[PDB]
file coords.tsv (TSV, C-alpha atoms)
chain	number	residue	atom	x	y	z
U	8	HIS	CA	-47.77	-74.20	-119.77
U	9	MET	CA	-45.89	-70.88	-119.73
U	10	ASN	CA	-44.18	-69.40	-116.67
U	11	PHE	CA	-45.46	-66.03	-115.50
U	12	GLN	CA	-47.00	-64.91	-112.23
U	13	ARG	CA	-50.79	-64.69	-112.04
U	14	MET	CA	-52.82	-62.27	-109.94
U	15	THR	CA	-55.19	-65.00	-108.77
U	16	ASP	CA	-52.28	-66.91	-107.18
U	17	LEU	CA	-51.04	-63.90	-105.21
U	18	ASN	CA	-51.91	-62.76	-101.70
U	19	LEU	CA	-52.82	-59.09	-101.99
U	20	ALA	CA	-53.75	-58.31	-98.40
U	21	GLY	CA	-52.82	-54.70	-97.75
U	22	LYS	CA	-50.99	-54.42	-101.04
U	23	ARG	CA	-51.15	-51.59	-103.56
U	24	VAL	CA	-52.28	-53.17	-106.83
U	25	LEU	CA	-52.02	-51.31	-110.14
U	26	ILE	CA	-54.11	-52.96	-112.85
U	27	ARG	CA	-53.71	-52.20	-116.56
U	28	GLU	CA	-57.08	-52.80	-118.24
U	29	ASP	CA	-58.60	-52.20	-121.69
U	30	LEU	CA	-61.34	-49.68	-120.88
U	31	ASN	CA	-61.18	-48.08	-124.33
U	32	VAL	CA	-64.97	-47.86	-124.70
U	33	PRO	CA	-66.76	-45.98	-127.51
U	34	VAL	CA	-68.13	-42.62	-126.30
U	35	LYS	CA	-70.60	-40.25	-127.94
U	36	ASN	CA	-71.25	-36.88	-126.27
U	37	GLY	CA	-70.00	-38.08	-122.89
U	38	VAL	CA	-72.06	-41.27	-122.88
U	39	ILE	CA	-70.65	-44.80	-123.16
U	40	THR	CA	-72.20	-46.47	-126.22
U	41	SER	CA	-70.90	-49.98	-125.47
U	42	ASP	CA	-69.80	-51.38	-122.10
U	43	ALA	CA	-68.54	-54.78	-123.30
U	44	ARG	CA	-64.94	-53.99	-122.35
U	45	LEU	CA	-66.11	-52.81	-118.92
U	46	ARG	CA	-68.11	-55.97	-118.16
U	47	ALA	CA	-65.04	-57.95	-119.17
U	48	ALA	CA	-62.65	-56.25	-116.73
U	49	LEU	CA	-65.05	-56.18	-113.78
U	50	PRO	CA	-64.36	-59.68	-112.40
U	51	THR	CA	-60.66	-58.81	-112.24
U	52	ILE	CA	-61.30	-55.68	-110.18
U	53	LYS	CA	-63.68	-57.58	-107.89
U	54	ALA	CA	-61.21	-60.44	-107.41
U	55	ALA	CA	-58.58	-57.93	-106.33
U	56	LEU	CA	-61.05	-56.38	-103.87
U	57	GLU	CA	-62.06	-59.77	-102.48
U	58	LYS	CA	-58.36	-60.29	-101.67
U	59	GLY	CA	-58.07	-57.19	-99.49
U	60	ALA	CA	-56.11	-55.20	-102.04
U	61	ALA	CA	-55.97	-51.44	-102.57
U	62	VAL	CA	-56.90	-51.27	-106.24
U	63	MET	CA	-55.74	-48.76	-108.83
U	64	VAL	CA	-57.07	-49.20	-112.35
U	65	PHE	CA	-55.68	-47.30	-115.34
U	66	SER	CA	-56.23	-47.48	-119.09
U	67	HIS	CA	-55.96	-45.86	-122.50
U	68	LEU	CA	-58.92	-44.21	-124.24
U	69	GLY	CA	-59.15	-43.10	-127.87
U	70	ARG	CA	-56.25	-41.50	-129.71
U	71	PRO	CA	-55.57	-38.23	-127.87
U	72	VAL	CA	-52.42	-36.12	-128.05
U	73	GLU	CA	-50.05	-36.61	-125.10
U	74	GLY	CA	-49.98	-33.54	-122.86
U	75	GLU	CA	-53.23	-32.13	-124.28
U	76	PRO	CA	-56.17	-33.64	-122.37
U	77	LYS	CA	-59.66	-33.28	-123.86
U	78	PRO	CA	-62.91	-34.10	-122.00
U	79	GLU	CA	-64.01	-36.32	-124.90
U	80	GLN	CA	-61.19	-38.76	-124.03
U	81	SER	CA	-61.44	-38.57	-120.23
U	82	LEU	CA	-62.19	-41.73	-118.24
U	83	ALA	CA	-64.76	-39.76	-116.24
U	84	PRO	CA	-67.76	-41.62	-117.68
U	85	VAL	CA	-65.94	-44.90	-116.99
U	86	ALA	CA	-65.42	-43.89	-113.33
U	87	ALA	CA	-69.16	-43.22	-113.03
U	88	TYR	CA	-69.80	-46.64	-114.58
U	89	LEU	CA	-67.46	-48.36	-112.12
U	90	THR	CA	-69.10	-46.54	-109.20
U	91	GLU	CA	-72.60	-47.76	-110.01
U	92	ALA	CA	-71.35	-51.24	-110.94
U	93	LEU	CA	-69.17	-51.84	-107.85
U	94	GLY	CA	-71.34	-50.10	-105.24
U	95	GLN	CA	-68.63	-47.77	-103.97
U	96	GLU	CA	-67.25	-44.35	-104.90
U	97	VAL	CA	-64.67	-44.87	-107.65
U	98	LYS	CA	-62.82	-41.55	-107.78
U	99	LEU	CA	-61.10	-40.25	-110.92
U	100	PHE	CA	-57.60	-38.82	-110.41
U	101	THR	CA	-56.13	-36.50	-113.03
U	102	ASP	CA	-52.80	-35.74	-111.34
U	103	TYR	CA	-51.46	-39.01	-109.95
U	104	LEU	CA	-47.95	-39.34	-111.36
U	105	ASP	CA	-46.30	-38.19	-108.13
U	106	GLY	CA	-48.53	-40.24	-105.84
U	107	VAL	CA	-52.12	-41.35	-105.47
U	108	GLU	CA	-54.05	-42.07	-102.28
U	109	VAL	CA	-55.82	-45.43	-102.02
U	110	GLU	CA	-56.80	-47.64	-99.08
U	111	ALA	CA	-57.55	-51.36	-98.77
U	112	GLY	CA	-60.90	-52.32	-100.25
U	113	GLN	CA	-61.48	-49.25	-102.41
U	114	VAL	CA	-61.04	-48.61	-106.14
U	115	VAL	CA	-59.54	-45.52	-107.76
U	116	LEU	CA	-59.48	-44.84	-111.51
U	117	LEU	CA	-56.43	-43.07	-112.89
U	118	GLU	CA	-56.93	-40.82	-115.92
U	119	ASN	CA	-56.17	-41.88	-119.53
U	120	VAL	CA	-52.54	-43.01	-119.83
U	121	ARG	CA	-52.49	-41.49	-123.32
U	122	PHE	CA	-52.52	-38.04	-121.67
U	123	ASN	CA	-49.02	-38.69	-120.35
U	124	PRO	CA	-45.86	-37.57	-122.21
U	125	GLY	CA	-43.57	-40.50	-122.94
U	126	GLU	CA	-46.35	-43.09	-122.79
U	127	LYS	CA	-46.14	-44.20	-126.42
U	128	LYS	CA	-42.33	-44.27	-126.30
U	129	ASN	CA	-42.17	-46.34	-123.08
U	130	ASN	CA	-40.32	-43.51	-121.34
U	131	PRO	CA	-38.29	-45.00	-118.45
U	132	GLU	CA	-39.02	-42.07	-116.11
U	133	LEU	CA	-42.77	-42.31	-116.71
U	134	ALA	CA	-42.70	-46.08	-116.26
U	135	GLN	CA	-40.88	-45.69	-112.92
U	136	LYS	CA	-43.45	-43.18	-111.75
U	137	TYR	CA	-46.13	-45.75	-112.60
U	138	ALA	CA	-44.29	-48.54	-110.80
U	139	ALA	CA	-43.75	-46.45	-107.68
U	140	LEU	CA	-47.52	-46.38	-107.11
U	141	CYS	CA	-47.85	-50.12	-106.53
U	142	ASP	CA	-46.59	-53.25	-104.83
U	143	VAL	CA	-47.92	-55.42	-107.63
U	144	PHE	CA	-48.38	-54.62	-111.29
U	145	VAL	CA	-51.11	-56.61	-113.01
U	146	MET	CA	-51.29	-56.63	-116.82
U	147	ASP	CA	-54.86	-57.52	-117.81
U	148	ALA	CA	-55.09	-56.01	-121.32
U	149	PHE	CA	-53.90	-58.45	-124.00
U	150	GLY	CA	-55.13	-56.29	-126.90
U	151	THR	CA	-52.35	-53.85	-126.08
U	152	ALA	CA	-49.72	-56.46	-125.20
U	153	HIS	CA	-48.11	-56.24	-128.65
U	154	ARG	CA	-46.88	-52.67	-128.06
U	155	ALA	CA	-44.06	-51.66	-125.73
U	156	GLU	CA	-45.49	-48.73	-123.78
U	157	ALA	CA	-45.00	-47.16	-120.34
U	158	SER	CA	-48.24	-48.54	-118.91
U	159	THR	CA	-47.97	-51.95	-120.57
U	160	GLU	CA	-44.26	-52.84	-120.53
U	161	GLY	CA	-42.09	-50.40	-118.60
U	162	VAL	CA	-44.22	-50.48	-115.46
U	163	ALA	CA	-43.85	-54.28	-115.37
U	164	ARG	CA	-40.08	-53.80	-115.53
U	165	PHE	CA	-39.83	-51.55	-112.46
U	166	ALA	CA	-42.75	-52.71	-110.30
U	167	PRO	CA	-41.82	-54.78	-107.22
U	168	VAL	CA	-43.98	-57.64	-108.51
U	169	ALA	CA	-45.33	-58.00	-112.06
U	170	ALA	CA	-48.10	-60.47	-112.89
U	171	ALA	CA	-50.76	-61.30	-115.51
U	172	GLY	CA	-54.44	-60.71	-114.81
U	173	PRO	CA	-57.17	-63.36	-115.28
U	174	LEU	CA	-58.03	-62.00	-118.74
U	175	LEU	CA	-54.44	-61.98	-119.95
U	176	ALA	CA	-53.73	-65.35	-118.32
U	177	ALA	CA	-56.78	-66.93	-119.94
U	178	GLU	CA	-55.76	-65.55	-123.34
U	179	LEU	CA	-52.13	-66.72	-123.15
U	180	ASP	CA	-53.17	-70.18	-121.90
U	181	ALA	CA	-55.68	-70.64	-124.73
U	182	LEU	CA	-53.16	-69.38	-127.30
U	183	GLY	CA	-50.39	-71.59	-125.92
U	184	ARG	CA	-52.67	-74.62	-126.14
U	185	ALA	CA	-52.94	-74.03	-129.89
U	186	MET	CA	-49.50	-72.61	-130.70
U	187	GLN	CA	-47.24	-74.60	-128.36
U	188	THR	CA	-47.33	-78.35	-129.09
U	189	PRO	CA	-51.08	-78.63	-129.81
U	190	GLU	CA	-52.90	-81.97	-130.01
U	191	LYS	CA	-52.76	-83.23	-133.60
U	192	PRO	CA	-54.29	-83.09	-136.14
U	193	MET	CA	-53.97	-79.32	-135.96
U	194	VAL	CA	-56.02	-77.29	-138.41
U	195	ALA	CA	-56.08	-73.53	-138.92
U	196	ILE	CA	-58.51	-71.49	-141.00
U	197	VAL	CA	-56.88	-68.39	-142.46
U	198	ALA	CA	-58.89	-65.94	-144.57
U	199	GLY	CA	-58.66	-62.35	-145.77
U	200	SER	CA	-58.53	-60.16	-148.87
U	201	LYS	CA	-54.75	-60.46	-149.23
U	202	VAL	CA	-52.05	-63.10	-148.85
U	203	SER	CA	-49.50	-60.34	-148.20
U	204	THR	CA	-51.39	-58.97	-145.18
U	205	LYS	CA	-51.41	-62.35	-143.44
U	206	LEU	CA	-48.16	-63.66	-144.89
U	207	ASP	CA	-46.43	-64.05	-141.52
U	208	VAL	CA	-49.56	-65.71	-140.16
U	209	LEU	CA	-49.58	-68.19	-143.04
U	210	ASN	CA	-45.87	-69.04	-142.80
U	211	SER	CA	-46.04	-69.40	-139.01
U	212	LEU	CA	-49.01	-71.75	-139.10
U	213	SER	CA	-47.39	-73.65	-141.99
U	214	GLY	CA	-44.89	-74.97	-139.45
U	215	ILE	CA	-47.50	-75.79	-136.80
U	216	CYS	CA	-50.47	-77.10	-138.81
U	217	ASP	CA	-51.18	-80.49	-140.32
U	218	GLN	CA	-53.61	-78.82	-142.73
U	219	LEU	CA	-54.14	-75.18	-143.69
U	220	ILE	CA	-57.64	-74.15	-144.81
U	221	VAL	CA	-57.73	-70.81	-146.62
U	222	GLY	CA	-60.62	-68.47	-147.36
U	223	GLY	CA	-61.56	-65.41	-149.42
U	224	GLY	CA	-58.96	-63.50	-151.42
U	225	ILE	CA	-56.24	-65.65	-149.88
U	226	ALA	CA	-58.00	-68.82	-151.04
U	227	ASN	CA	-58.32	-67.43	-154.58
U	228	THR	CA	-54.55	-66.79	-154.69
U	229	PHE	CA	-53.86	-70.36	-153.53
U	230	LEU	CA	-56.42	-71.56	-156.07
U	231	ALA	CA	-54.47	-69.75	-158.79
U	232	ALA	CA	-51.32	-71.32	-157.35
U	233	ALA	CA	-52.79	-74.73	-158.14
U	234	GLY	CA	-53.10	-73.70	-161.80
U	235	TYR	CA	-56.80	-72.84	-161.95
U	236	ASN	CA	-58.46	-69.88	-163.63
U	237	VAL	CA	-60.05	-67.47	-161.15
U	238	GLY	CA	-61.45	-65.06	-163.74
U	239	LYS	CA	-62.11	-61.69	-162.12
U	240	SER	CA	-61.94	-63.04	-158.56
U	241	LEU	CA	-60.09	-61.05	-155.90
U	242	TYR	CA	-56.55	-62.43	-155.60
U	243	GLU	CA	-52.90	-61.32	-155.48
U	244	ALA	CA	-51.05	-62.13	-158.70
U	245	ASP	CA	-47.73	-61.03	-157.19
U	246	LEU	CA	-48.01	-63.62	-154.40
U	247	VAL	CA	-49.11	-66.64	-156.44
U	248	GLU	CA	-45.57	-68.04	-156.40
U	249	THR	CA	-45.30	-67.49	-152.65
U	250	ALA	CA	-48.63	-69.23	-152.06
U	251	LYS	CA	-47.34	-72.02	-154.28
U	252	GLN	CA	-44.29	-72.52	-152.05
U	253	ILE	CA	-46.52	-72.52	-148.95
U	254	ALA	CA	-48.84	-75.15	-150.44
U	255	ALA	CA	-45.76	-77.33	-150.91
U	256	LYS	CA	-44.62	-76.91	-147.29
U	257	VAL	CA	-48.00	-77.61	-145.72
U	258	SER	CA	-51.22	-79.31	-146.81
U	259	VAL	CA	-53.57	-76.67	-148.18
U	260	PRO	CA	-56.85	-78.36	-149.17
U	261	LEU	CA	-58.40	-76.89	-152.31
U	262	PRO	CA	-62.12	-76.42	-153.04
U	263	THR	CA	-63.71	-78.85	-155.50
U	264	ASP	CA	-66.65	-76.50	-156.11
U	265	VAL	CA	-67.26	-72.77	-155.64
U	266	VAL	CA	-69.96	-70.12	-155.64
U	267	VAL	CA	-69.42	-67.42	-158.25
U	268	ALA	CA	-71.12	-64.32	-159.55
U	269	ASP	CA	-70.68	-62.82	-163.01
U	270	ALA	CA	-68.70	-59.56	-163.00
U	271	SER	CA	-71.30	-57.94	-165.29
U	272	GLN	CA	-73.47	-57.76	-162.17
U	273	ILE	CA	-70.86	-56.19	-159.88
U	274	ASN	CA	-70.69	-52.43	-159.26
U	275	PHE	CA	-67.76	-51.62	-156.94
U	276	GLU	CA	-69.23	-48.21	-156.08
U	277	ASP	CA	-71.61	-50.30	-153.98
U	278	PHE	CA	-70.05	-53.77	-153.73
U	279	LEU	CA	-72.19	-55.32	-151.00
U	280	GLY	CA	-75.35	-53.90	-152.54
U	281	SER	CA	-74.68	-55.29	-155.99
U	282	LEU	CA	-73.64	-58.60	-154.46
U	283	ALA	CA	-76.98	-59.19	-152.73
U	284	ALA	CA	-78.86	-58.32	-155.92
U	285	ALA	CA	-76.59	-60.47	-158.08
U	286	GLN	CA	-77.42	-64.02	-159.11
U	287	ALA	CA	-75.37	-66.61	-157.21
U	288	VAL	CA	-74.17	-69.64	-159.20
U	289	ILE	CA	-72.78	-72.96	-157.95
U	290	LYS	CA	-70.12	-74.29	-160.33
U	291	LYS	CA	-67.36	-76.90	-160.43
U	292	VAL	CA	-63.96	-75.40	-159.60
U	293	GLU	CA	-62.66	-76.07	-163.12
U	294	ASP	CA	-65.79	-74.61	-164.77
U	295	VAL	CA	-64.87	-71.05	-163.77
U	296	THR	CA	-64.88	-68.55	-166.65
U	297	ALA	CA	-62.90	-65.37	-167.30
U	298	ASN	CA	-65.69	-63.11	-166.02
U	299	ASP	CA	-66.39	-65.13	-162.84
U	300	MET	CA	-65.93	-63.99	-159.24
U	301	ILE	CA	-65.40	-66.57	-156.49
U	302	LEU	CA	-67.44	-65.36	-153.53
U	303	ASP	CA	-67.95	-68.57	-151.51
U	304	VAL	CA	-67.02	-72.27	-151.41
U	305	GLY	CA	-69.46	-74.80	-152.84
U	306	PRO	CA	-71.57	-77.50	-151.09
U	307	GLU	CA	-69.03	-80.29	-151.61
U	308	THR	CA	-66.03	-78.32	-150.37
U	309	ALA	CA	-67.97	-77.32	-147.26
U	310	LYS	CA	-68.53	-81.00	-146.43
U	311	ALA	CA	-64.85	-81.72	-147.12
U	312	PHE	CA	-63.75	-78.94	-144.78
U	313	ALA	CA	-66.21	-80.23	-142.21
U	314	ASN	CA	-64.74	-83.75	-142.24
U	315	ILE	CA	-61.27	-82.28	-141.78
U	316	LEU	CA	-62.46	-80.16	-138.86
U	317	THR	CA	-64.35	-83.10	-137.35
U	318	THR	CA	-61.16	-85.18	-137.36
U	319	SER	CA	-58.83	-82.51	-135.95
U	320	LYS	CA	-58.25	-82.10	-132.21
U	321	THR	CA	-57.09	-78.49	-132.41
U	322	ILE	CA	-58.66	-75.67	-134.44
U	323	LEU	CA	-57.44	-72.11	-134.93
U	324	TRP	CA	-60.17	-70.11	-136.63
U	325	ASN	CA	-59.21	-66.87	-138.34
U	326	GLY	CA	-61.76	-66.04	-141.05
U	327	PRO	CA	-64.82	-67.01	-143.17
U	328	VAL	CA	-64.73	-68.88	-146.49
U	329	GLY	CA	-67.03	-66.46	-148.33
U	330	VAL	CA	-68.77	-63.07	-148.19
U	331	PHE	CA	-71.21	-64.23	-145.50
U	332	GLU	CA	-72.66	-60.73	-144.92
U	333	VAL	CA	-74.88	-61.56	-147.90
U	334	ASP	CA	-76.84	-64.77	-147.34
U	335	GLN	CA	-76.53	-66.29	-150.84
U	336	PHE	CA	-72.74	-66.29	-150.42
U	337	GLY	CA	-72.85	-67.29	-146.76
U	338	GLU	CA	-73.66	-71.02	-146.82
U	339	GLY	CA	-69.98	-71.88	-146.85
U	340	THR	CA	-69.27	-69.91	-143.68
U	341	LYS	CA	-72.47	-71.17	-142.02
U	342	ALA	CA	-71.41	-74.78	-142.62
U	343	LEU	CA	-67.86	-73.99	-141.48
U	344	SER	CA	-69.04	-72.34	-138.25
U	345	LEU	CA	-71.18	-75.38	-137.44
U	346	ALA	CA	-68.29	-77.73	-138.19
U	347	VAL	CA	-65.93	-75.90	-135.83
U	348	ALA	CA	-68.54	-75.58	-133.09
U	349	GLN	CA	-69.49	-79.25	-133.06
U	350	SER	CA	-65.96	-80.61	-133.33
U	351	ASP	CA	-64.68	-82.15	-130.11
U	352	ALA	CA	-61.44	-80.40	-131.02
U	353	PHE	CA	-60.33	-77.53	-128.84
U	354	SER	CA	-61.20	-74.50	-130.95
U	355	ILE	CA	-59.83	-70.97	-130.70
U	356	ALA	CA	-61.13	-68.00	-132.72
U	357	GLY	CA	-59.85	-64.47	-133.32
U	358	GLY	CA	-60.23	-61.53	-135.68
U	359	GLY	CA	-63.17	-59.25	-136.38
U	360	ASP	CA	-64.62	-61.15	-139.34
U	361	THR	CA	-64.45	-64.39	-137.37
U	362	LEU	CA	-66.35	-62.94	-134.41
U	363	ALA	CA	-68.98	-61.49	-136.75
U	364	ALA	CA	-69.43	-64.97	-138.21
U	365	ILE	CA	-69.72	-66.49	-134.74
U	366	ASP	CA	-72.38	-63.95	-133.74
U	367	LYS	CA	-74.40	-64.33	-136.93
U	368	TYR	CA	-74.59	-68.13	-136.77
U	369	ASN	CA	-74.88	-68.32	-132.97
U	370	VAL	CA	-72.09	-70.77	-132.09
U	371	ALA	CA	-70.34	-68.65	-129.45
U	372	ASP	CA	-71.14	-71.15	-126.67
U	373	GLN	CA	-69.43	-74.00	-128.48
U	374	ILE	CA	-66.15	-72.25	-129.21
U	375	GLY	CA	-63.33	-73.19	-126.82
U	376	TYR	CA	-61.97	-69.66	-126.51
U	377	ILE	CA	-63.02	-66.44	-128.25
U	378	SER	CA	-60.23	-63.87	-128.42
U	379	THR	CA	-60.79	-60.13	-128.72
U	380	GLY	CA	-57.06	-59.47	-129.06
U	381	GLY	CA	-57.24	-58.21	-132.64
U	382	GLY	CA	-53.84	-57.13	-133.93
U	383	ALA	CA	-52.24	-58.52	-130.79
U	384	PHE	CA	-53.95	-61.85	-131.47
U	385	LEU	CA	-52.42	-62.10	-134.94
U	386	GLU	CA	-48.92	-61.16	-133.80
U	387	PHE	CA	-48.97	-64.03	-131.31
U	388	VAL	CA	-50.04	-66.43	-134.06
U	389	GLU	CA	-47.21	-64.97	-136.14
U	390	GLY	CA	-44.81	-66.24	-133.47
U	391	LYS	CA	-43.63	-62.74	-132.65
U	392	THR	CA	-42.57	-61.72	-129.14
U	393	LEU	CA	-45.19	-59.49	-127.55
U	394	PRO	CA	-43.29	-56.97	-125.35
U	395	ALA	CA	-45.83	-57.00	-122.51
U	396	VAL	CA	-45.77	-60.79	-122.25
U	397	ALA	CA	-41.97	-61.02	-122.49
U	398	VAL	CA	-41.34	-58.67	-119.55
U	399	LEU	CA	-43.78	-60.71	-117.44
U	400	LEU	CA	-41.64	-63.74	-118.28
U	401	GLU	CA	-38.54	-61.86	-117.12
U	402	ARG	CA	-40.21	-60.93	-113.83
U	403	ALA	CA	-41.40	-64.50	-113.31
call {"tool": "encode", "arguments": {"input": "coords.tsv", "output": "structure tokens"}}
result
Amino acid sequence: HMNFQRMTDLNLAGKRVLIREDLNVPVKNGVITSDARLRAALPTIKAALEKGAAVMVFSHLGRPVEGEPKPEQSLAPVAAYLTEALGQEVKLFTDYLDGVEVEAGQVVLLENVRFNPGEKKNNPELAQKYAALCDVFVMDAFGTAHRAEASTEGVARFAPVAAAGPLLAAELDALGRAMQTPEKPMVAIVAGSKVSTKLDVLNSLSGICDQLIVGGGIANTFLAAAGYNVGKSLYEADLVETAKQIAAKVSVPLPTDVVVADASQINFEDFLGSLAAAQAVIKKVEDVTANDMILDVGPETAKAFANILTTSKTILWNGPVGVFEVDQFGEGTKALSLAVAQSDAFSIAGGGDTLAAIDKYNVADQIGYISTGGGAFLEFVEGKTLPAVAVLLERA
């Protein structure tokens, strides 16, 4: 367990509580198109209210230019959402840097922090103005924890008390359970188009994992590292030697069979289209020709991965093992998703492709923790020091 203060453990009676949330919702013509991020932050706001706190919520929205506010990036529709959802008037304040009025039991929404000069640069003066508004700072937005900014890092530095919200706390706990002395055997699944893009991820997990399952373009590069022909498969020739060294440092299981398509049927002007129309072929891993494209793992490999995942007691899931968007190259990922879900191992998943796989094969219930951290999620797995988490450690 890691040592930082948590909002839920604090008495907030009569205290001014400033909560950093991720309310960056998609907006079209002043209407919120998806409220998933809102429904996620709501229990935190309600918990603060049930504790007799005076709640201030602020957030970033879109990519506006600091000092040039535009209506299209205003949190106004979010304030209206919070009003209907909480049953009280949630006012939006546009000029709050020199003080904002809030009483016990009510909620105020401060305007987009991206409107404020010095925000991106973690300006000390701006951070102090933030901190002066509260008795307790609560960081509840993990997806932004990997950047050092005025509303995510600096405010925690100058606030009287700095703590982690329930969302952040749940994320760090789940990540710690997998990254800090996990129960062995520890297996991670790492997939993507390029080894280079997830190189730090691979090297980091190489030290933590007992076995390292790879998928997609990454898997093809490791496959080439084992001396096999990959034909016209997607892989990185310049990182074959690096993958080779990794496979020597940690156990990287290699497919015994694969699903390929012939490149004469692939038009990259419309890749997904020509992939669905193409003829899928199951072949032995050594029977791959010069014009072949590996697009999924075969039936035998899928069982082999499953046994590994059934035996492990800790799973980190970051990617599919084939182009599952098209069904004929999706059996590998379907089998993998079922293997992770039914393993008594504690399983943690992260990354867009992973979540898409979880949604498609309906195994969300059976995943230990599903992270929405994105880039922040990967940087933690990389072993890097997320600025927003580190300051919370210093203030706790």
call {"tool": "atom_distance", "arguments": {"input": "coords.tsv", "atom1": "CA of residue 199 (chain U)", "atom2": "CA of residue 31 (chain U)"}}
result
25.9 Å
call {"tool": "atom_distance", "arguments": {"input": "coords.tsv", "atom1": "CA of residue 394 (chain U)", "atom2": "CA of residue 148 (chain U)"}}
result
12.5 Å
call {"tool": "residues_around", "arguments": {"input": "coords.tsv", "residues": "region 69-78 of chain U", "least_positions_apart": "3", "cutoff": "10 Å", "atoms": "all atoms listed in the file", "output": "PyMOL selection string"}}
result
chain U and resi 30-34+36-37+81-84+101+118-127
call {"tool": "atom_distance", "arguments": {"input": "coords.tsv", "atom1": "CA of residue 204 (chain U)", "atom2": "CA of residue 222 (chain U)"}}
result
13.4 Å
call {"tool": "residues_around", "arguments": {"input": "coords.tsv", "residues": "residue 306 (chain U)", "least_positions_apart": "2", "cutoff": "12 Å", "atoms": "all atoms listed in the file", "output": "PyMOL selection string"}}
result
chain U and resi 262-266+288-292+303-304+308-313+328+336-343
call {"tool": "closest_residue", "arguments": {"input": "coords.tsv", "among": "U:281, U:243, U:352, U:293", "to": "residue 261 (chain U)", "atoms": "only C-alpha atoms"}}
result
U:293
call {"tool": "closest_residue", "arguments": {"input": "coords.tsv", "among": "U:286, U:213, U:200, U:274", "to": "residue 256 (chain U)", "atoms": "all atoms listed in the file"}}
result
U:213
call {"tool": "residues_around", "arguments": {"input": "coords.tsv", "residues": "residue 226 (chain U)", "least_positions_apart": "2", "cutoff": "10 Å", "atoms": "only C-alpha atoms", "output": "ChimeraX atom specification"}}
result
/U:197-202,220-224,228-232,241-242,250,259-262,301,303-304,328-329
call {"tool": "residues_near_point", "arguments": {"input": "coords.tsv", "point": "(-40.2, -44.3, -121.2)", "cutoff": "12 Å", "atoms": "all atoms listed in the file", "output": "PyMOL selection string"}}
result
chain U and resi 123-138+155-162+164-165
call {"tool": "closest_residue", "arguments": {"input": "coords.tsv", "among": "U:57, U:276, U:49, U:166", "to": "residue 91 (chain U)", "atoms": "only C-alpha atoms"}}
result
U:49
call {"tool": "closest_residue", "arguments": {"input": "coords.tsv", "among": "U:141, U:385, U:377, U:333", "to": "residue 284 (chain U)", "atoms": "all atoms listed in the file"}}
result
U:333
call {"tool": "residues_near_point", "arguments": {"input": "coords.tsv", "point": "(-55.9, -80.1, -132.5)", "cutoff": "6 Å", "atoms": "only C-alpha atoms", "output": "PyMOL selection string"}}
result
chain U and resi 189-193+319-322+352
call {"tool": "residues_around", "arguments": {"input": "coords.tsv", "residues": "residue 147 (chain U)", "least_positions_apart": "6", "cutoff": "8 Å", "atoms": "all atoms listed in the file", "output": "list in words"}}
result
residues 26, 27, 28, 29, 48, 171, 172, 173, 174, 175 and 176 of chain U
call {"tool": "residues_around", "arguments": {"input": "coords.tsv", "residues": "region 177-180 of chain U", "least_positions_apart": "6", "cutoff": "12 Å", "atoms": "only C-alpha atoms", "output": "compact mmCIF listing (two decimals) with C-alpha atoms, in the frame of the given file"}}
result
# COMPACT_ATOMS: atom_id res chain seq x y z
CA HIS U 8 -47.77 -74.20 -119.77
CA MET U 9 -45.89 -70.88 -119.73
CA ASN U 10 -44.18 -69.40 -116.67
CA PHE U 11 -45.46 -66.03 -115.50
CA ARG U 13 -50.79 -64.69 -112.04
CA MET U 14 -52.82 -62.27 -109.94
CA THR U 15 -55.19 -65.00 -108.77
CA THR U 51 -60.66 -58.81 -112.24
CA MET U 146 -51.29 -56.63 -116.82
CA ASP U 147 -54.86 -57.52 -117.81
CA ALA U 148 -55.09 -56.01 -121.32
CA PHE U 149 -53.90 -58.45 -124.00
CA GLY U 150 -55.13 -56.29 -126.90
CA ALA U 152 -49.72 -56.46 -125.20
CA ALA U 171 -50.76 -61.30 -115.51
CA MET U 186 -49.50 -72.61 -130.70
CA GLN U 187 -47.24 -74.60 -128.36
CA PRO U 189 -51.08 -78.63 -129.81
CA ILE U 355 -59.83 -70.97 -130.70
CA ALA U 356 -61.13 -68.00 -132.72
CA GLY U 357 -59.85 -64.47 -133.32
CA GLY U 375 -63.33 -73.19 -126.82
CA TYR U 376 -61.97 -69.66 -126.51
CA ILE U 377 -63.02 -66.44 -128.25
CA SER U 378 -60.23 -63.87 -128.42
CA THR U 379 -60.79 -60.13 -128.72
CA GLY U 380 -57.06 -59.47 -129.06
CA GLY U 381 -57.24 -58.21 -132.64
CA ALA U 383 -52.24 -58.52 -130.79
CA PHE U 384 -53.95 -61.85 -131.47
CA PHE U 387 -48.97 -64.03 -131.31
CA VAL U 388 -50.04 -66.43 -134.06
CA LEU U 393 -45.19 -59.49 -127.55
CA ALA U 395 -45.83 -57.00 -122.51
CA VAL U 396 -45.77 -60.79 -122.25
CA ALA U 397 -41.97 -61.02 -122.49
CA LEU U 399 -43.78 -60.71 -117.44
CA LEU U 400 -41.64 -63.74 -118.28
call {"tool": "closest_residue", "arguments": {"input": "coords.tsv", "among": "U:244, U:60, U:374, U:283", "to": "residue 110 (chain U)", "atoms": "all atoms listed in the file"}}
result
U:60
